[PDB]
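One letter stands for each residue in the lines below.
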Amino acid sequence: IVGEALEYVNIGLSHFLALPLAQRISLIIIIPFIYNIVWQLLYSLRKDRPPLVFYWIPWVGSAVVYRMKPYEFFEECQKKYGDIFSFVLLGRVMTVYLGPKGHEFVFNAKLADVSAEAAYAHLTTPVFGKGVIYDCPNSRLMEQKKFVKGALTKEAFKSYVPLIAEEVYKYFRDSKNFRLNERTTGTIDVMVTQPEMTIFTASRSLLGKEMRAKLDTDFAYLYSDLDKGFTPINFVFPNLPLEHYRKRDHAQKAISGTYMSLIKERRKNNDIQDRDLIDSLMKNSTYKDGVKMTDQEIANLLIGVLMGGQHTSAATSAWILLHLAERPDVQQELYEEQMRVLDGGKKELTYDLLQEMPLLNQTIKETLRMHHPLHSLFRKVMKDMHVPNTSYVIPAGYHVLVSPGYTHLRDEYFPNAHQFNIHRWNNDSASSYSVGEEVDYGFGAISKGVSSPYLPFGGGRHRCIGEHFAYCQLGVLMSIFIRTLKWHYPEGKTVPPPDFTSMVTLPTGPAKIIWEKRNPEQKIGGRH
Ligand code: HEM
Ligand SMILES: OC(Cn1cncn1)(Cn1cncn1)c1ccc(F)cc1F
C-alpha cells in the first residue's frame, strides 16, 4: 500500500501551511537558496553550455563584483574557465566571449541571432525619447545613423574646428575653473571641467549657436537632470515614482521641445542651410520606404547622439589630462609637434592641420586603449546560437557580452598593456582602420572583419559613427590645452582608478590637476 504515502504527502502539505510565520517566511528564503545551488550543480553537467560562474544569492548573481571590478572579474573567470563563460546578472544570464574571437561572435553576429535594442531599449528610450535609436527596428536605426553621418563630413569638420576652438578659448576666458586673463595658475577637477567643455563644444558645432546660447541660462539645469537619467539603474528600475525620474522625463520633454521649436521655426522661415546637425536632419531624415522622421523623432535623435557623445568624449578628455598630468615628457613632446605643425603658433588650427599631428592623435588613441569608456557591450540572444569550434550553444533568452576594452589591457596583444605609451602607435595614428574587406549595413562602408584586438568604437552594424567627430573635438581641445597650459598632479596624487559603476568608465573623482599658463601674459580677446 503506497496509498498511505500520498496521504502523508497531503498531510505534510497541510502541516507545512500551518507552520509559524517565523518558520514559513524562512522557508521562502531557504528553499530557493537551496534550489539555486542544486540547479547550478546540475547545470555544470551540461556540455552544450559554457561554464557558469557560481553565485550564492539567487537572481542577484555575480552582480556585485561585476559592477565594481568587471575586468578583474573577467580575468579570474578567464583563468578558471577560459574565454567563454556565463554568469548571472540581476535576473539575466550573461554569456561572455573574451578576446578577438569574442569580438567576432558578438559584433558580427547575425541580425536574426542577436538584438541590441532588446538589450538597451530600457536604458535609452526613457532618456532620449520614443521612436529612435533602440525604440525602433534595426533598419530604422541603420538609416538614422546614415542621417547623422551626413552632418559628419570632412567639410563639416573644417567648419567645426574654428567653432570648437572658439568654445575652448571662451571657456579658458570665462569659466571660474580657469579665468586665464586673471589667473596664471589654478587647480581644477577634470570631472567638472571636461563635461562642461564637452557640452559647450558639442552643442556649438552639432546643434548650432541657438542651442549653445541656451546653455548659458537656467536651461542648462535640464541637461543636468536629463544627464542624471542616463544611469545603469534603468536596466533594473526604468521608471519609479521618484523625483529623479520626474525631472528626467521633464527634461526630455523640455529639451526636445526646444529642439522642435527651433526646427519648426527654421522651416517656418526656410532658414534651412548647412550649419549644424539640425539643418542636416531637417533636409535628410526620410527613410527609404518614404516615411519621414517627425520633428519629435528628429529632436529625440539629437538628444541620444549628443548625450552618447557627451559621456564618451568627456570621460576620454578627462583621462587624457590625467595621464598627461604625470607625463611632462609627453606634454613636452606634444608641444613641440604643435610648434612644428602650427609654425610656432602663427598658423590657425584647421581640420587639415589636425591630421598632421600624429602624436596628438596617438595620445587619443592610447587613452582610448587604456580607457575604453564602455567596458561591456550587450546583445540579447534571439535564436539559439552555436559557438564555432565548440559544442557550446547559447540558448535564446541569454545575453551575450563583448568587452574589447578588456582585450585592450592584455599583454598578449599590447605589450606592457598597463603602461601609457603613445609611441606604441608610431606610424599608426589613425583613429582605426579596416585591415581589409568592407561591408555597408546602411550607413556607409565599414570593416567586414571585427577581429582587431583594438576596437574602441566597436564593429558591425552597431559600430560607432562619431569616431571622426570625437577625434576632431578631442583634437582641437587637446591642441589648445597643450599650447596654452602645462599641468601636473598635487603632490602624492596619481592617475585615479576607473569608476566602472557609472554609464561610462570615467575616472574616480575628484581627479584634480594643477594647471599653469605657458604664457602668463597671454590674454584671450572678446567681450564678457
Ligand atoms: C571617444 C568617443 C567614443 C567612443 C569610444 C565610442 C564608442 C562606441 C562604441 C563601442 C559603440 C558600439 C556600441 C555597441 O556596439 O553596442 C558606439 C556606437 C555608437 N556611437 Fe559612439 N563612441 C564615441 C563617441 C561618439 C560620438 C561623438 C557620437 C556622435 C556624435 C557617437 C554616436 C554613436 C552612435 C550613433 C552609435 C550607434 C549605436 C548602435 O548602432 O547601436 N559616439 N560608440
Ligand atoms: O552605445 C551607447 C549606449 N550605451 C551602451 N552601453 C552604454 N551606453 C553609448 N555610446 C557609444 N558611443 C556613444 N555613446 C549609445 C549609442 C548611440 C547613441 F545614440 C547613444 C548612446 F548612448
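- Looking at the PDB entry, one finds the protein named Lanosterol 14-alpha demethylase and attributed to Saccharomyces cerevisiae.
- UniProt's Cofactor (unreviewed entry) comment on the protein is quoted here verbatim: "heme".

1. Examining the coordination of the iron atom of ligand 1
Link 1 in the chain: In this structure, the iron atom of ligand 1 receives exactly one donor atom from the protein: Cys464 (SG), at 2.3 Å.
Link 2 in the chain: One can describe the site at the iron atom of ligand 1 as octahedral: its six donor atoms subtend angles covering 77 to 175 degrees at the metal.

2. Considering the packing of helix α11 (residues 220–228) against helix α12 (residues 243–269)
Link 1 in the chain: Their axes nearest at 8 Å, the elements α11 and α12 cross at an angle of 125 degrees. Classified by the interaxial angle, the pair formed by α11 and α12 is oblique. In this structure, α11 crosses over α12, and the sense of that crossing is left-handed. On α12, the residues touching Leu222, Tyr223, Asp225, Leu226 and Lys228 of α11 are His244, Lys247, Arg248, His250, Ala251, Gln252, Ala254, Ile255 and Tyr259.
Link 2 in the chain: Residues of the contact of α11 with α12, tallied by class, amount to seven nonpolar, three polar and four charged.

3. Some remarks on the pattern of salt bridges
Link 1 in the chain: Under the criterion given, the structure shown has 28 salt bridges.
Link 2 in the chain: In this structure, the salt-bridge partner of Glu75 is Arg410, at a minimum N-O distance of 3.4 Å. On the criterion of sequence distance, the pair formed by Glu75 in helix α4 (residues 70–81) and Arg410 in the loop between α18 (404–407) and β9 (438–440) is long-range, its members being 335 residues apart.
Link 3 in the chain: Since its relative accessible area comes to 29%, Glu75 is described here as partly exposed.
Link 4 in the chain: Here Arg173 makes a salt bridge to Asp174, at a shortest N to O gap of 2.5 Å.

4. Here we look at the sheet that holds strand β5 (residues 377–381)
Link 1 in the chain: Read from one edge to the other, the open sheet built from five strands follows the order β1-β2-β8-β5-β3, with strand pairing classed as mixed. Sheet topology places β1 (84–89) and β3 (114–115) at the edges, where each strand pairs with a single neighbour.
Link 2 in the chain: With three bridges joining them, strand β2 (residues 92–97) and strand β8 (residues 399–402) adopt parallel strand pairing. From the neighbouring strand, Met94 faces β8, where its bridge partner is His399.
Link 3 in the chain: Lying over the sheet, α4 contacts β1, β2 and β8, oriented at roughly 130 degrees with respect to β1.
Link 4 in the chain: Here helix α5 (residues 100–107) sits on the sheet and contacts β2, β5 and β8; the angle it forms with β8, its principal contact strand, is near 135 degrees.

5. Section: the nonpolar core
Link 1 in the chain: Within the largest apolar cluster, 151 residues are counted, with the highest numbers of intra-cluster contacts made by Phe74, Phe87, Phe172, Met478, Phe481 and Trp487.
Link 2 in the chain: In terms of residue count, the dominant contributor to this core is helix α14 (residues 295–325) (14 residues).
Link 3 in the chain: Setting aside residues up to four positions removed in sequence, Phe481 forms contacts with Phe172, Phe178, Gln194, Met197, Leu321 and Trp487.

About the cut-offs
Here the numbering of residues is sequential along each chain, from 1 in written sequence order, and it may depart from the entry's numbering. Residues without coordinates do not appear. Lettering of chains starts at A and numbering of ligands starts at 1, both following the order in which they are written. Based on all heavy atoms of the structure, the side-chain values leave hydrogens and waters out of the count. UniProt positions are given in the numbering used here, feature names are shortened, and annotations may be inferred rather than shown by experiment. Each metal's donors are the N, O and S atoms found within 2.8 Å of it, except that Na, K and Ca use a 3.2 Å limit; water is left out, so coordination can look incomplete. Angular criteria define each label, namely tetrahedral for four donors with all angles between 85 and 135 degrees, square planar for four and octahedral for six donors with opposite donors over 155 degrees apart and remaining angles between 65 and 115, and irregular for whatever fails these tests. Fitted lines through C-alpha atoms give the axes, limited to the stretch in contact for helices. The angle between two N-to-C directions lies from 0 to 180 degrees. Strands here are runs of E lasting at least two residues and helices are runs of H or I lasting at least four, both read from the DSSP assignment and numbered beginning at the N terminus. For classification purposes, an angle smaller than 35 degrees is called roughly parallel, one larger than 145 roughly antiparallel, one from 65 to 115 roughly perpendicular, and anything else oblique. Crossing handedness is read from the near helix: turned anticlockwise from the far helix by less than a right angle, it gives a left-handed crossing, and turned clockwise, a right-handed one. By the convention used here, residues are in contact when the closest approach between their heavy atoms is within 4.5 Å. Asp, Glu, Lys and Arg are counted as charged, while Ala, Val, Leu, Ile, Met, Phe, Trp, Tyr, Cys and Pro are counted as nonpolar; the rest, among them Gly, fall into the polar class. For this document, the term salt bridge refers to a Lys or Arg side-chain nitrogen within 4 Å of an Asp or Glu carboxyl oxygen. A 1.4 Å probe rolled over the protein chains alone gives each residue an accessible area, and that area as a share of the maximum for its type sets the label: buried under 20%, exposed over 50%, partly exposed in between. DSSP calls a pair of strands paired once it identifies at least 2 bridges connecting them. To define a nonpolar core, start from buried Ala, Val, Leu, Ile, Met, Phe, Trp, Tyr and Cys residues and group those joined through side-chain atoms within 4.5 Å.

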